[PDB]
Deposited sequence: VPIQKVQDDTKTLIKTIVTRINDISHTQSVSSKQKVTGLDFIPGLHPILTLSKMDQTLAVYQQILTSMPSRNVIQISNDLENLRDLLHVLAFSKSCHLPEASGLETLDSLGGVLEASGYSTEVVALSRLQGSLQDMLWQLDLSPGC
């Protein structure tokens, strides 16, 4: 379990760095505290990123899948259950949270995602609920 955590922390830093290389305090999309909320949030970002492919987004999107796995492998070792995340049938509802004047939706989306990732980074050290 500790190595699962070490592997999770590492992968997160990688994605945060990848995003920098590509709004300092922009809140992520409800990135919360339990393993299920983290997973349900990552699932919403994946749907978003799938609608805006680019070299780094496709790269990031793949990493997000590896991060979700690590979150599930953890729940596994914690003998708990992560529900199947709900999916948005449409991204049209995400308009408001992804729209900003002087900023692209791609930039707002990756900026929120980075916020969520940095959020998980420290919360996972508190050995969050399930």
| property | result |
| --- | --- |
| Regions left out of the model, expressed as runs of the deposited sequence counted from 1 | 1-2, 25-38 |
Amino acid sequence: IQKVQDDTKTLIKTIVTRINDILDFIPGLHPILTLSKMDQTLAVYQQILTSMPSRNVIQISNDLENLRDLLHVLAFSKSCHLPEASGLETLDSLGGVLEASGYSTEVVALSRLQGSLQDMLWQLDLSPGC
From here on, numbers count along this sequence of modelled residues.
query	finding
Which of 113-121 and 6-14 has higher mean CA B factor, as the PDB entry lists it	6-14
Entry-level comparison of average CA B-factors, 78-86 and 51-59, reporting the higher stretch	78-86
Residue, from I26, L71, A43, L33, that the PDB entry assigns the highest Cα B-factor	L33
Third of chain Cα B-factors occupied by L91	highest
CA B-factor placement of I22, once the chain's modelled residues are sorted into thirds	highest
For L98, the third of its chain into which the C-alpha B factor falls	middle
